């Protein structure tokens, strides 16, 4: 029910995936499990979100059970190595 586009440092273009789960209740784990071909543990994972005080920001999220920020119905992410 929910589509996250994500960016890689070493890719000309962003990827776009859809997860079964709903826009809420969708969590870092969901996203991670859809990336079986990638070495997930080596990455950091930032998500575009709206902070009520500073506006648009790239929020880092590290807990598998953390809901993912949605920017206008859309989850937008950046993967980075440690």
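Numbering follows the first chain given and starts at 1.
A.B. asks: Determine, from the deposited record, the chain-internal third of the Cα B-factor for residue 22: lowest, middle or highest.
C.D. replies: Answer is highest: the recorded C-alpha B-factor places it there.
A.B. asks: Split the chain's modelled residues into thirds by Cα B-factor; is residue 42 in the lowest, middle or highest one?
C.D. replies: Within its chain, residue 42 is a highest-third residue by C-alpha B-factor, going by the deposited values.
A.B. asks: Could you tell me which third, lowest, middle or highest, the C-alpha B-factor of residue 82 occupies within its chain?
C.D. replies: Highest third of the chain for residue 82's C-alpha B-factor.
A.B. asks: Sorting the chain's modelled residues by C-alpha B-factor, tell me whether residue 14 ends up in the lowest, middle or highest third.
C.D. replies: Its C-alpha B-factor belongs to the middle third of this chain's values.
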